[PDB]
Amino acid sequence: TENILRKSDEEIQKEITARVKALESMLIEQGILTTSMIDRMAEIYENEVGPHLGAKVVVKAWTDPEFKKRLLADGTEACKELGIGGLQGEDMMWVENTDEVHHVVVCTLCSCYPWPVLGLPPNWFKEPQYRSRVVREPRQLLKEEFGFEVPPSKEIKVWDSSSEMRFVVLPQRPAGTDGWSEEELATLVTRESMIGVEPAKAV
């Protein structure tokens, strides 16, 4: 939004860059940060941990009703069956979309997101626009910002992660996909379908 007080983006980027490099040089000198630590952390969440992990759990739940029951009983233990877990997903609770219920997820207080199944969140999830309005006008927000019209008879359930319990949406299996492989099904599971801002892909 327009703010006549705010510097340009380029001016802001230059200033943060110099401030971050200043702090970095101090932590490095104090023994507590190193350049290998930075590359190791960045390389995990640029290359290893991402929404494809969560896609794996969704299609196993779609194609295996025993896993699905265990995934809804204890999401952390169930994801461990596929070797999926860890930082900021120590406590996961998965919630199932139905014909009657739609689930959508938020951290109104900051940016909590189930990293081990989804990776790091996109910036709009962490920013005040989505955070403020989802708990108050979910239906209009899903329509206007995501082109997803949820019928007024269908309950929208919004899950605010005020604690370390991380909430993940299990989206509905699209029609037209009987007998598809786990790899073929996996192409319909988006990051957005696991937040609840979109359904799984059609067709």
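Counting begins at 1, following the sequence as shown.
For the two regions 61-69 and 145-153, the entry's Cα B-factors average higher over 145-153.
Note on 108-116 vs 94-102: mean CA B-factor is higher in 94-102. In the PDB entry, the Cα temperature factor peaks, among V158, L53, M37, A175, at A175.
Among the modelled residues of its chain, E11 has a C-alpha B-factor that falls in the highest third according to the deposited record. In the PDB entry, a CA B factor belonging to the lowest third of its chain's modelled residues is recorded for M165. Annotation for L185: C-alpha temperature factor in the middle third relative to the rest of the modelled chain, per the entry. Among all modelled residues in its chain, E127 ranks in the lowest third by Cα B-factor.
Residue-level temperature factors show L27 in the middle third of its chain, judged at the C-alpha atom.
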